[PDB]
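K.L.:
Sharing coords_24.pdb (PDB, C-alpha atoms) below.
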ATOM      1  CA  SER Q   1      -3.302 192.877  -1.594
ATOM      2  CA  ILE Q   2       0.015 192.061  -3.338
ATOM      3  CA  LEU Q   3      -1.102 194.311  -6.234
ATOM      4  CA  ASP Q   4      -0.906 197.235  -3.790
ATOM      5  CA  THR Q   5       2.872 196.751  -3.464
ATOM      6  CA  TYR Q   6       3.809 197.374  -7.102
ATOM      7  CA  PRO Q   7       2.750 199.849  -9.821
ATOM      8  CA  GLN Q   8      -0.533 199.014 -11.588
ATOM      9  CA  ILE Q   9      -0.205 201.653 -14.316
ATOM     10  CA  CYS Q  10       2.059 201.214 -17.340
ATOM     11  CA  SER Q  11       4.557 203.786 -18.580
ATOM     12  CA  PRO Q  12       2.718 206.795 -20.077
ATOM     13  CA  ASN Q  13       4.731 205.947 -23.221
ATOM     14  CA  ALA Q  14       3.279 202.445 -23.587
ATOM     15  CA  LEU Q  15       0.937 201.096 -26.293
ATOM     16  CA  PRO Q  16      -2.752 202.151 -26.472
ATOM     17  CA  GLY Q  17      -5.263 200.258 -24.287
ATOM     18  CA  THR Q  18      -2.730 199.605 -21.485
ATOM     19  CA  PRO Q  19      -3.372 200.305 -17.729
ATOM     20  CA  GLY Q  20      -3.306 204.075 -17.073
ATOM     21  CA  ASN Q  21      -3.293 204.918 -20.792
ATOM     22  CA  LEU Q  22      -6.972 204.480 -21.690
ATOM     23  CA  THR Q  23      -9.462 206.579 -23.621
ATOM     24  CA  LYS Q  24     -12.800 207.306 -21.927
ATOM     25  CA  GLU Q  25     -14.580 204.610 -23.979
ATOM     26  CA  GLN Q  26     -11.862 202.092 -23.003
ATOM     27  CA  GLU Q  27     -12.265 203.033 -19.321
ATOM     28  CA  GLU Q  28     -16.036 202.483 -19.573
ATOM     29  CA  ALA Q  29     -15.527 199.141 -21.348
ATOM     30  CA  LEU Q  30     -13.207 197.968 -18.542
ATOM     31  CA  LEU Q  31     -15.792 198.908 -15.904
ATOM     32  CA  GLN Q  32     -18.576 197.150 -17.839
ATOM     33  CA  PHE Q  33     -16.356 194.082 -18.332
ATOM     34  CA  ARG Q  34     -15.486 193.787 -14.630
ATOM     35  CA  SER Q  35     -19.167 194.292 -13.736
ATOM     36  CA  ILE Q  36     -20.285 191.346 -15.910
ATOM     37  CA  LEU Q  37     -17.583 189.084 -14.461
ATOM     38  CA  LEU Q  38     -18.443 190.056 -10.867
ATOM     39  CA  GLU Q  39     -22.117 189.294 -11.608
ATOM     40  CA  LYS Q  40     -21.117 185.814 -12.909
ATOM     41  CA  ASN Q  41     -19.338 185.296  -9.552
ATOM     42  CA  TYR Q  42     -15.688 185.549 -10.608
ATOM     43  CA  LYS Q  43     -13.411 186.832  -7.861
ATOM     44  CA  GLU Q  44      -9.795 186.354  -8.929
ATOM     45  CA  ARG Q  45      -7.773 187.892 -11.799
ATOM     46  CA  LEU Q  46     -10.116 190.888 -12.111
ATOM     47  CA  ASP Q  47      -7.350 193.492 -11.792
ATOM     48  CA  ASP Q  48      -6.872 196.239 -14.418
ATOM     49  CA  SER Q  49      -3.821 194.540 -15.966
ATOM     50  CA  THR Q  50      -5.461 191.116 -16.443
ATOM     51  CA  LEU Q  51      -8.761 192.434 -17.793
ATOM     52  CA  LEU Q  52      -7.165 194.922 -20.187
ATOM     53  CA  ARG Q  53      -5.002 192.092 -21.597
ATOM     54  CA  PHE Q  54      -8.256 190.279 -22.517
ATOM     55  CA  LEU Q  55      -9.936 193.453 -23.800
ATOM     56  CA  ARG Q  56      -6.924 194.274 -26.034
ATOM     57  CA  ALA Q  57      -6.924 190.697 -27.419
ATOM     58  CA  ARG Q  58     -10.552 191.147 -28.545
ATOM     59  CA  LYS Q  59     -10.352 194.834 -29.542
ATOM     60  CA  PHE Q  60     -12.521 195.929 -26.569
ATOM     61  CA  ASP Q  61     -15.479 193.821 -27.775
ATOM     62  CA  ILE Q  62     -16.884 193.263 -24.281
ATOM     63  CA  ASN Q  63     -18.940 190.150 -25.105
ATOM     64  CA  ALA Q  64     -15.975 188.504 -26.880
ATOM     65  CA  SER Q  65     -13.702 189.372 -23.940
ATOM     66  CA  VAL Q  66     -16.198 187.808 -21.508
ATOM     67  CA  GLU Q  67     -16.257 184.578 -23.579
ATOM     68  CA  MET Q  68     -12.457 184.564 -23.656
ATOM     69  CA  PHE Q  69     -12.006 185.164 -19.902
ATOM     70  CA  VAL Q  70     -14.664 182.582 -18.941
ATOM     71  CA  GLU Q  71     -13.074 179.950 -21.174
ATOM     72  CA  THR Q  72      -9.630 180.779 -19.699
ATOM     73  CA  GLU Q  73     -10.934 180.365 -16.150
ATOM     74  CA  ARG Q  74     -12.364 176.974 -17.200
ATOM     75  CA  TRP Q  75      -8.993 175.919 -18.639
ATOM     76  CA  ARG Q  76      -6.975 177.085 -15.613
ATOM     77  CA  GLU Q  77      -9.069 174.941 -13.284
ATOM     78  CA  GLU Q  78      -9.178 171.822 -15.501
ATOM     79  CA  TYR Q  79      -5.482 171.942 -16.404
ATOM     80  CA  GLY Q  80      -4.191 172.695 -12.893
ATOM     81  CA  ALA Q  81      -2.711 176.115 -13.775
ATOM     82  CA  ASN Q  82      -4.095 177.488 -10.481
ATOM     83  CA  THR Q  83      -1.934 175.082  -8.437
ATOM     84  CA  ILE Q  84       1.034 174.536 -10.778
ATOM     85  CA  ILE Q  85       3.597 176.436  -8.670
ATOM     86  CA  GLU Q  86       2.383 174.795  -5.425
ATOM     87  CA  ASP Q  87       2.417 171.331  -7.079
ATOM     88  CA  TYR Q  88       5.959 171.960  -8.346
ATOM     89  CA  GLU Q  89       7.154 173.012  -4.866
ATOM     90  CA  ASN Q  90       5.625 169.858  -3.326
ATOM     91  CA  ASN Q  91       7.656 167.715  -5.765
ATOM     92  CA  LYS Q  92      10.625 170.081  -6.218
ATOM     93  CA  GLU Q  93      13.537 167.627  -5.987
ATOM     94  CA  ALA Q  94      12.209 165.228  -8.631
ATOM     95  CA  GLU Q  95      11.118 168.006 -11.026
ATOM     96  CA  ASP Q  96      14.457 169.832 -10.702
ATOM     97  CA  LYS Q  97      16.381 166.605 -11.409
ATOM     98  CA  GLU Q  98      14.488 166.154 -14.688
ATOM     99  CA  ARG Q  99      14.659 169.849 -15.671
ATOM    100  CA  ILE Q 100      18.461 169.867 -15.381
ATOM    101  CA  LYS Q 101      18.695 166.970 -17.884
ATOM    102  CA  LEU Q 102      17.329 169.238 -20.636
ATOM    103  CA  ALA Q 103      18.948 172.562 -19.659
ATOM    104  CA  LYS Q 104      22.225 172.107 -21.594
ATOM    105  CA  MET Q 105      20.516 170.699 -24.701
ATOM    106  CA  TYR Q 106      17.801 173.392 -24.718
ATOM    107  CA  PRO Q 107      19.002 176.580 -22.994
ATOM    108  CA  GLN Q 108      16.090 178.601 -21.603
ATOM    109  CA  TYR Q 109      17.099 181.491 -19.378
ATOM    110  CA  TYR Q 110      16.111 184.944 -18.209
ATOM    111  CA  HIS Q 111      18.961 187.456 -17.993
ATOM    112  CA  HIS Q 112      18.125 190.947 -16.697
ATOM    113  CA  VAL Q 113      15.759 193.263 -18.625
ATOM    114  CA  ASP Q 114      15.315 195.271 -21.837
ATOM    115  CA  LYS Q 115      15.326 199.112 -21.997
ATOM    116  CA  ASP Q 116      11.665 199.268 -20.918
ATOM    117  CA  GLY Q 117      12.227 196.929 -17.943
ATOM    118  CA  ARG Q 118      10.720 193.773 -19.514
ATOM    119  CA  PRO Q 119      12.242 190.483 -18.320
ATOM    120  CA  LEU Q 120      14.806 189.549 -20.976
ATOM    121  CA  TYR Q 121      14.496 185.922 -22.084
ATOM    122  CA  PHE Q 122      16.790 183.717 -24.177
ATOM    123  CA  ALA Q 123      16.106 180.338 -25.758
ATOM    124  CA  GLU Q 124      18.611 178.451 -27.915
ATOM    125  CA  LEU Q 125      17.405 175.708 -30.287
ATOM    126  CA  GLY Q 126      20.551 174.655 -32.191
ATOM    127  CA  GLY Q 127      21.852 172.085 -29.688
ATOM    128  CA  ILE Q 128      18.564 170.149 -29.635
ATOM    129  CA  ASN Q 129      18.832 166.527 -30.745
ATOM    130  CA  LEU Q 130      15.224 165.430 -31.299
ATOM    131  CA  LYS Q 131      15.834 161.703 -30.743
ATOM    132  CA  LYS Q 132      17.546 162.386 -27.397
ATOM    133  CA  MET Q 133      14.884 164.960 -26.442
ATOM    134  CA  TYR Q 134      12.004 162.504 -26.918
ATOM    135  CA  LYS Q 135      13.775 159.955 -24.701
ATOM    136  CA  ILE Q 136      14.195 162.303 -21.706
ATOM    137  CA  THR Q 137      11.029 164.461 -21.956
ATOM    138  CA  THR Q 138       7.529 164.537 -23.507
ATOM    139  CA  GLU Q 139       5.609 167.246 -25.390
ATOM    140  CA  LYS Q 140       3.082 167.422 -22.542
ATOM    141  CA  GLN Q 141       5.908 167.865 -20.004
ATOM    142  CA  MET Q 142       7.310 170.758 -22.064
ATOM    143  CA  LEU Q 143       3.868 172.384 -22.237
ATOM    144  CA  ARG Q 144       3.619 172.029 -18.431
ATOM    145  CA  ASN Q 145       7.002 173.804 -18.209
ATOM    146  CA  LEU Q 146       5.597 176.602 -20.383
ATOM    147  CA  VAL Q 147       2.485 177.016 -18.232
ATOM    148  CA  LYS Q 148       4.558 176.933 -15.034
ATOM    149  CA  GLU Q 149       6.774 179.673 -16.511
ATOM    150  CA  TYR Q 150       3.729 181.853 -17.326
ATOM    151  CA  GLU Q 151       2.647 181.506 -13.697
ATOM    152  CA  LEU Q 152       6.138 182.281 -12.343
ATOM    153  CA  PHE Q 153       6.333 185.248 -14.727
ATOM    154  CA  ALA Q 154       3.084 186.634 -13.321
ATOM    155  CA  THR Q 155       3.726 185.967  -9.639
ATOM    156  CA  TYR Q 156       7.470 186.817  -9.360
ATOM    157  CA  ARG Q 157       8.948 188.489 -12.421
ATOM    158  CA  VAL Q 158       6.170 191.053 -12.999
ATOM    159  CA  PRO Q 159       6.088 192.428  -9.399
ATOM    160  CA  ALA Q 160       9.873 192.828  -9.128
ATOM    161  CA  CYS Q 161      10.384 194.227 -12.631
ATOM    162  CA  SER Q 162       7.506 196.682 -12.094
ATOM    163  CA  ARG Q 163       8.975 197.901  -8.784
ATOM    164  CA  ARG Q 164      12.340 198.443 -10.474
ATOM    165  CA  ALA Q 165      10.899 200.202 -13.558
ATOM    166  CA  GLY Q 166       8.561 202.397 -11.495
ATOM    167  CA  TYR Q 167       5.687 201.282 -13.728
ATOM    168  CA  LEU Q 168       3.705 198.139 -14.536
ATOM    169  CA  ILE Q 169       5.557 195.539 -16.637
ATOM    170  CA  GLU Q 170       3.294 193.001 -18.418
ATOM    171  CA  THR Q 171       5.388 191.389 -21.161
ATOM    172  CA  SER Q 172       8.682 189.734 -22.134
ATOM    173  CA  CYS Q 173      11.565 190.693 -24.388
ATOM    174  CA  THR Q 174      12.408 187.366 -26.039
ATOM    175  CA  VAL Q 175      15.371 186.291 -28.147
ATOM    176  CA  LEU Q 176      15.037 182.919 -29.937
ATOM    177  CA  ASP Q 177      18.390 181.725 -31.308
ATOM    178  CA  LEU Q 178      18.083 179.301 -34.252
ATOM    179  CA  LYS Q 179      21.807 178.964 -35.006
ATOM    180  CA  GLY Q 180      22.553 175.339 -35.896
ATOM    181  CA  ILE Q 181      18.991 174.033 -36.339
ATOM    182  CA  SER Q 182      17.878 171.764 -39.151
ATOM    183  CA  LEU Q 183      14.800 172.933 -41.046
ATOM    184  CA  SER Q 184      13.748 169.290 -41.299
ATOM    185  CA  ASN Q 185      13.507 169.189 -37.483
ATOM    186  CA  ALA Q 186      11.527 172.455 -37.540
ATOM    187  CA  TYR Q 187       8.797 170.913 -39.726
ATOM    188  CA  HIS Q 188       8.742 167.813 -37.529
ATOM    189  CA  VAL Q 189       7.810 169.879 -34.444
ATOM    190  CA  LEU Q 190       5.057 171.990 -36.086
ATOM    191  CA  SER Q 191       2.315 170.378 -33.980
ATOM    192  CA  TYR Q 192       4.217 171.222 -30.778
ATOM    193  CA  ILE Q 193       4.666 174.823 -31.991
ATOM    194  CA  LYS Q 194       0.900 174.999 -32.566
ATOM    195  CA  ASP Q 195       0.225 173.732 -29.030
ATOM    196  CA  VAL Q 196       2.470 176.475 -27.597
ATOM    197  CA  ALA Q 197       0.749 179.102 -29.759
ATOM    198  CA  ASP Q 198      -2.678 177.810 -28.699
ATOM    199  CA  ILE Q 199      -1.993 177.978 -24.933
ATOM    200  CA  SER Q 200      -0.263 181.360 -25.331
ATOM    201  CA  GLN Q 201      -2.967 183.033 -27.424
ATOM    202  CA  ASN Q 202      -6.012 181.435 -25.783
ATOM    203  CA  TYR Q 203      -5.096 181.606 -22.105
ATOM    204  CA  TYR Q 204      -2.260 184.149 -21.810
ATOM    205  CA  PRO Q 205      -3.344 186.997 -24.083
ATOM    206  CA  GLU Q 206      -1.042 189.993 -24.614
ATOM    207  CA  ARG Q 207       1.983 188.533 -22.769
ATOM    208  CA  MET Q 208       4.269 189.009 -25.808
ATOM    209  CA  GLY Q 209       6.311 192.224 -25.857
ATOM    210  CA  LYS Q 210       9.190 191.757 -28.280
ATOM    211  CA  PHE Q 211      10.010 188.420 -29.931
ATOM    212  CA  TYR Q 212      13.236 188.297 -31.964
ATOM    213  CA  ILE Q 213      14.187 185.310 -34.080
ATOM    214  CA  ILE Q 214      17.941 185.341 -34.735
ATOM    215  CA  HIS Q 215      20.378 183.199 -36.729
ATOM    216  CA  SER Q 216      17.535 181.624 -38.738
ATOM    217  CA  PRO Q 217      18.885 179.505 -41.615
ATOM    218  CA  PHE Q 218      18.124 180.324 -45.256
ATOM    219  CA  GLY Q 219      14.782 178.663 -46.009
ATOM    220  CA  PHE Q 220      13.335 179.591 -42.607
ATOM    221  CA  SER Q 221      10.956 182.042 -44.337
ATOM    222  CA  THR Q 222       9.346 179.004 -46.006
ATOM    223  CA  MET Q 223       9.047 177.082 -42.744
ATOM    224  CA  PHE Q 224       7.540 180.122 -40.948
ATOM    225  CA  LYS Q 225       4.744 180.122 -43.560
ATOM    226  CA  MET Q 226       3.551 176.874 -41.894
ATOM    227  CA  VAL Q 227       3.459 178.691 -38.509
ATOM    228  CA  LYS Q 228       1.696 181.950 -39.495
ATOM    229  CA  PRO Q 229      -1.747 180.348 -40.181
ATOM    230  CA  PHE Q 230      -2.254 179.577 -36.468
ATOM    231  CA  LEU Q 231      -0.914 182.919 -35.200
ATOM    232  CA  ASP Q 232      -3.222 185.868 -34.615
ATOM    233  CA  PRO Q 233      -2.387 189.168 -36.442
ATOM    234  CA  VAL Q 234      -1.239 190.837 -33.196
ATOM    235  CA  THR Q 235       1.077 187.866 -32.477
ATOM    236  CA  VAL Q 236       2.636 188.145 -35.960
ATOM    237  CA  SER Q 237       3.221 191.890 -35.359
ATOM    238  CA  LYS Q 238       5.416 191.119 -32.303
ATOM    239  CA  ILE Q 239       7.731 188.701 -34.125
ATOM    240  CA  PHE Q 240      10.849 190.069 -35.828
ATOM    241  CA  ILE Q 241      12.980 187.740 -37.941
ATOM    242  CA  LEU Q 242      16.409 189.420 -37.927
ATOM    243  CA  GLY Q 243      19.274 189.205 -40.423
ATOM    244  CA  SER Q 244      23.050 189.626 -40.355
ATOM    245  CA  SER Q 245      22.468 193.015 -38.642
ATOM    246  CA  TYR Q 246      20.713 191.403 -35.656
ATOM    247  CA  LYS Q 247      23.231 192.734 -33.096
ATOM    248  CA  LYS Q 248      22.384 196.320 -34.081
ATOM    249  CA  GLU Q 249      18.644 195.599 -33.771
ATOM    250  CA  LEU Q 250      19.030 193.972 -30.333
ATOM    251  CA  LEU Q 251      21.080 196.978 -29.135
ATOM    252  CA  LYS Q 252      18.224 199.389 -29.958
ATOM    253  CA  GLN Q 253      16.039 197.495 -27.499
ATOM    254  CA  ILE Q 254      18.368 195.980 -24.893
ATOM    255  CA  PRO Q 255      21.031 197.698 -22.712
ATOM    256  CA  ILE Q 256      24.514 196.605 -23.810
ATOM    257  CA  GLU Q 257      25.465 195.474 -20.273
ATOM    258  CA  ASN Q 258      22.413 193.156 -20.239
ATOM    259  CA  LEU Q 259      23.197 191.396 -23.524
ATOM    260  CA  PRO Q 260      25.520 188.343 -23.504
ATOM    261  CA  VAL Q 261      28.862 188.856 -25.302
ATOM    262  CA  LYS Q 262      28.044 186.343 -28.080
ATOM    263  CA  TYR Q 263      25.078 188.546 -29.096
ATOM    264  CA  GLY Q 264      27.148 191.748 -29.198
ATOM    265  CA  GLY Q 265      26.900 192.959 -25.593
ATOM    266  CA  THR Q 266      29.169 192.977 -22.534
ATOM    267  CA  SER Q 267      27.309 190.723 -20.076
ATOM    268  CA  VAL Q 268      29.492 188.004 -18.548
ATOM    269  CA  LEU Q 269      28.598 185.707 -15.631
ATOM    270  CA  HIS Q 270      30.491 186.534 -12.421
ATOM    271  CA  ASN Q 271      32.009 183.077 -12.324
ATOM    272  CA  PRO Q 272      33.013 182.362 -15.973
ATOM    273  CA  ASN Q 273      32.815 178.659 -15.046
ATOM    274  CA  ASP Q 274      29.032 179.072 -14.554
ATOM    275  CA  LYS Q 275      26.563 178.336 -17.380
ATOM    276  CA  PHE Q 276      23.876 180.630 -18.814
ATOM    277  CA  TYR Q 277      21.564 177.607 -19.210
ATOM    278  CA  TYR Q 278      21.498 177.220 -15.413
ATOM    279  CA  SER Q 279      21.066 180.958 -14.825
ATOM    280  CA  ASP Q 280      18.108 183.029 -13.632
ATOM    281  CA  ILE Q 281      19.391 186.575 -13.076
ATOM    282  CA  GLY Q 282      17.124 189.628 -12.827
ATOM    283  CA  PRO Q 283      15.244 192.098 -10.602
ATOM    284  CA  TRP Q 284      13.311 189.148  -9.080
ATOM    285  CA  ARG Q 285      16.619 188.136  -7.427
ATOM    286  CA  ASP Q 286      17.226 191.584  -5.897
ATOM    287  CA  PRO Q 287      16.072 192.050  -2.249
ATOM    288  CA  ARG Q 288      15.321 195.700  -3.130
ATOM    289  CA  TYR Q 289      12.590 194.545  -5.545
ATOM    290  CA  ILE Q 290      11.218 191.338  -4.015
ATOM    291  CA  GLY Q 291       7.933 191.946  -2.155
ATOM    292  CA  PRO Q 292       5.409 189.914  -0.107
ATOM    293  CA  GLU Q 293       5.236 187.313  -2.924
ATOM    294  CA  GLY Q 294       8.677 186.161  -1.744
ATOM    295  CA  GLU Q 295      11.532 185.003  -3.949
ATOM    296  CA  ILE Q 296      11.008 182.829  -7.013
ATOM    297  CA  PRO Q 297      11.865 179.099  -6.598
ATOM    298  CA  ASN Q 298      15.146 177.908  -8.127
ATOM    299  CA  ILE Q 299      14.263 176.072 -11.341
ATOM    300  CA  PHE Q 300      17.653 174.385 -11.730
ATOM    301  CA  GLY Q 301      17.894 173.376  -8.043
ATOM    302  CA  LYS Q 302      21.421 173.630  -6.591
ATOM    303  CA  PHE Q 303      22.835 174.495 -10.044
ATOM    304  CA  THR Q 304      20.756 177.707 -10.304
ATOM    305  CA  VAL Q 305      22.982 180.724 -10.985
ATOM    306  CA  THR Q 306      21.396 183.786  -9.373
TER     307      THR Q 306
END
Render the structure in this file as structure tokens.

P.N.:
Amino acid sequence: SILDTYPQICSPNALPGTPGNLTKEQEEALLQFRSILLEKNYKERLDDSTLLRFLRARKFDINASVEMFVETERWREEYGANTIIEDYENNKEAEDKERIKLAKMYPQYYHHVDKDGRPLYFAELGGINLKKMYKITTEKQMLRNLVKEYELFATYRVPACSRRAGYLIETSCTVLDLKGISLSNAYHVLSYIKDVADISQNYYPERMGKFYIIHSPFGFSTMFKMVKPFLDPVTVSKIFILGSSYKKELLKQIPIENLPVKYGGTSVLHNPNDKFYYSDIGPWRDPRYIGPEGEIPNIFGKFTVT
């Protein structure tokens, strides 16, 4: 019944095939799709938003969308995606302690929203030392962190952002900062990149909104040609590799007051001693927009800047 407490139709100005914005044939396809899944005895994740994400990923080919959804449900159960938040909460102290070890080296933080109300997400790669990374974490651990974030996005960020926007929010506005990376390191982590792409595209269809790659070094175009082969055409269409004019491009999409100063905006933490890489600021922290789902857990424990 949580779905009844936030908007379940997108902005009328959203992309085709989104909730509330369907053609008659798309409406009929959705009804047929839900009917097949109900008949197969699925009960959860049958809402308009979820099912239309799958339909869009397979161009409203109902049989292909069924195969995709069924396989996703299989994965969620086998992997533990259905209990990942609960499992984290039951081992919070230990998991937080480990997460904080990586935060400074690999900043990953949400910070308000874009102009459409999408959670605004930043990740910085240039401080990563691969040798040190491999000694404090594992690839599988990082993939767990990704899956846990997808679940937190869906249970906490979506409801609050949708209530604020006045319409359903389904996707992220992401900024990936590559300032200071070595292209050698980039090639070395290709298999990890593929694992992220595989989980994202197979089990979390249509979660990408905007994906900006900034401060990429010369020669990044070459490296990205090793990534493209395992990205679906729709995925490629969401990724924008920006140049020296990146600040101007970000400002078309993101309110100036929501963009950190170093990226050309005016956003500054309230205590300038606080760190962005421990921060989690957005509508999901505002009592006005938190609903029956409750407030998101603090991913950086006591260090979490809210």

K.L.:
Here's the selection I'm unsure about, the PyMOL selection byres ((chain Q and resi 64-75) around 12); applied to the file above, which residues does it give, as a PDB file with C-alpha atoms, in the coordinates of the input?

P.N.:
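Okay, out_32.pdb is ready:
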ATOM      1  CA  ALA Q  29     -15.527 199.141 -21.348  1.00  0.00           C
ATOM      2  CA  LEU Q  30     -13.207 197.968 -18.542  1.00  0.00           C
ATOM      3  CA  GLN Q  32     -18.576 197.150 -17.839  1.00  0.00           C
ATOM      4  CA  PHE Q  33     -16.356 194.082 -18.332  1.00  0.00           C
ATOM      5  CA  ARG Q  34     -15.486 193.787 -14.630  1.00  0.00           C
ATOM      6  CA  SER Q  35     -19.167 194.292 -13.736  1.00  0.00           C
ATOM      7  CA  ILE Q  36     -20.285 191.346 -15.910  1.00  0.00           C
ATOM      8  CA  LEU Q  37     -17.583 189.084 -14.461  1.00  0.00           C
ATOM      9  CA  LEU Q  38     -18.443 190.056 -10.867  1.00  0.00           C
ATOM     10  CA  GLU Q  39     -22.117 189.294 -11.608  1.00  0.00           C
ATOM     11  CA  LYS Q  40     -21.117 185.814 -12.909  1.00  0.00           C
ATOM     12  CA  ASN Q  41     -19.338 185.296  -9.552  1.00  0.00           C
ATOM     13  CA  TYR Q  42     -15.688 185.549 -10.608  1.00  0.00           C
ATOM     14  CA  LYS Q  43     -13.411 186.832  -7.861  1.00  0.00           C
ATOM     15  CA  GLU Q  44      -9.795 186.354  -8.929  1.00  0.00           C
ATOM     16  CA  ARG Q  45      -7.773 187.892 -11.799  1.00  0.00           C
ATOM     17  CA  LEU Q  46     -10.116 190.888 -12.111  1.00  0.00           C
ATOM     18  CA  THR Q  50      -5.461 191.116 -16.443  1.00  0.00           C
ATOM     19  CA  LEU Q  51      -8.761 192.434 -17.793  1.00  0.00           C
ATOM     20  CA  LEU Q  52      -7.165 194.922 -20.187  1.00  0.00           C
ATOM     21  CA  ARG Q  53      -5.002 192.092 -21.597  1.00  0.00           C
ATOM     22  CA  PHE Q  54      -8.256 190.279 -22.517  1.00  0.00           C
ATOM     23  CA  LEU Q  55      -9.936 193.453 -23.800  1.00  0.00           C
ATOM     24  CA  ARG Q  56      -6.924 194.274 -26.034  1.00  0.00           C
ATOM     25  CA  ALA Q  57      -6.924 190.697 -27.419  1.00  0.00           C
ATOM     26  CA  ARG Q  58     -10.552 191.147 -28.545  1.00  0.00           C
ATOM     27  CA  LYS Q  59     -10.352 194.834 -29.542  1.00  0.00           C
ATOM     28  CA  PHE Q  60     -12.521 195.929 -26.569  1.00  0.00           C
ATOM     29  CA  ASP Q  61     -15.479 193.821 -27.775  1.00  0.00           C
ATOM     30  CA  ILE Q  62     -16.884 193.263 -24.281  1.00  0.00           C
ATOM     31  CA  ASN Q  63     -18.940 190.150 -25.105  1.00  0.00           C
ATOM     32  CA  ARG Q  76      -6.975 177.085 -15.613  1.00  0.00           C
ATOM     33  CA  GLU Q  77      -9.069 174.941 -13.284  1.00  0.00           C
ATOM     34  CA  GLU Q  78      -9.178 171.822 -15.501  1.00  0.00           C
ATOM     35  CA  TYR Q  79      -5.482 171.942 -16.404  1.00  0.00           C
ATOM     36  CA  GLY Q  80      -4.191 172.695 -12.893  1.00  0.00           C
ATOM     37  CA  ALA Q  81      -2.711 176.115 -13.775  1.00  0.00           C
ATOM     38  CA  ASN Q  82      -4.095 177.488 -10.481  1.00  0.00           C
ATOM     39  CA  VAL Q 147       2.485 177.016 -18.232  1.00  0.00           C
ATOM     40  CA  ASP Q 198      -2.678 177.810 -28.699  1.00  0.00           C
ATOM     41  CA  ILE Q 199      -1.993 177.978 -24.933  1.00  0.00           C
ATOM     42  CA  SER Q 200      -0.263 181.360 -25.331  1.00  0.00           C
ATOM     43  CA  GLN Q 201      -2.967 183.033 -27.424  1.00  0.00           C
ATOM     44  CA  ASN Q 202      -6.012 181.435 -25.783  1.00  0.00           C
ATOM     45  CA  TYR Q 203      -5.096 181.606 -22.105  1.00  0.00           C
ATOM     46  CA  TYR Q 204      -2.260 184.149 -21.810  1.00  0.00           C
ATOM     47  CA  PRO Q 205      -3.344 186.997 -24.083  1.00  0.00           C
TER      48      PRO Q 205
END

K.L.:
Measure the distance from CA of residue 115 in chain Q to CA of residue 169 in chain Q in Å and round it to one decimal.

P.N.:
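These atoms are spaced 11.7 Å apart.
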
K.L.:
Have a look at Q:12, Q:119, Q:112, Q:245 and name the one nearest to residue 159 in chain Q; count only C-alpha atoms.

P.N.:
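Answer, going by the shortest atom-to-atom distance: Q:119.
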
K.L.:
Translate the PyMOL selection byres ((chain Q and resi 267-281) around 6) into a concrete residue list for this structure, as a PyMOL selection string.

P.N.:
chain Q and resi 103+107+109-112+257-261+265-266+282+304-306

K.L.:
How many Å lie between CA of residue 132 in chain Q and CA of residue 105 in chain Q, rounded to one decimal?

P.N.:
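CA of residue 105 in chain Q lies at a distance of 9.2 Å from CA of residue 132 in chain Q.
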
K.L.:
Restricting the calculation to all atoms listed in the file: of Q:213, Q:143, Q:168, Q:9, which residue gets closest to residue 238 in chain Q?

P.N.:
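The answer is Q:213, which sits nearest to residue 238 in chain Q.
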
K.L.:
How many Å lie between CA of residue 232 in chain Q and CA of residue 244 in chain Q, rounded to one decimal?

P.N.:
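Answer for the CA of residue 232 in chain Q to CA of residue 244 in chain Q separation: 27.2 Å.
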
K.L.:
Could you tell me which residues the PyMOL selection byres ((chain Q and resi 167) around 7) returns for this structure, as a PyMOL selection string?

P.N.:
chain Q and resi 7-11+162-163+165-166+168-169

K.L.:
Counting all atoms listed in the file, which residue out of Q:99, Q:49, Q:178, Q:170 sits closest to residue 136 in chain Q?

P.N.:
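Result for the nearest residue to residue 136 in chain Q: Q:99.
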
K.L.:
How would you write as a VMD selection string the residues that get within 12 Å of (15.4, 171.6, -36.2) in the file's frame, counting all atoms listed in the file?

P.N.:
chain Q and resid 106 124 to 131 133 177 to 190 193 216 to 217 220 223

K.L.:
Please determine, counting all atoms listed in the file, which residue among Q:208, Q:139, Q:150, Q:215 has the shortest atom-to-atom distance to residue 194 in chain Q.

P.N.:
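Smallest distance to residue 194 in chain Q is found for Q:139.
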
K.L.:
Please identify all polymer residues within 9 Å of residue 253 in chain Q, counting all atoms listed in the file, omitting same-chain residues fewer than 4 positions from it, and present them as a count of residues only.

P.N.:
6

K.L.:
In terms of the shortest atom-to-atom distance over all atoms listed in the file, which of Q:144, Q:97, Q:157, Q:262 is closest to residue 284 in chain Q?

P.N.:
Q:157

K.L.:
Could you work out an axis-aligned box for range 194-198 of chain Q, taking every atom the file lists and adding 8 Å on each side, and report centre and edge lengths in Å to one decimal, as AutoDock Vina command-line options?

P.N.:
--center_x -0.1 --center_y 176.4 --center_z -30.1 --size_x 21.1 --size_y 21.4 --size_z 21.0

K.L.:
Using only C-alpha atoms, which of the listed residues (Q:156, Q:135, Q:93, Q:17) sits closest to residue 293 in chain Q?

P.N.:
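The shortest atom-to-atom distance to residue 293 in chain Q comes from Q:156.
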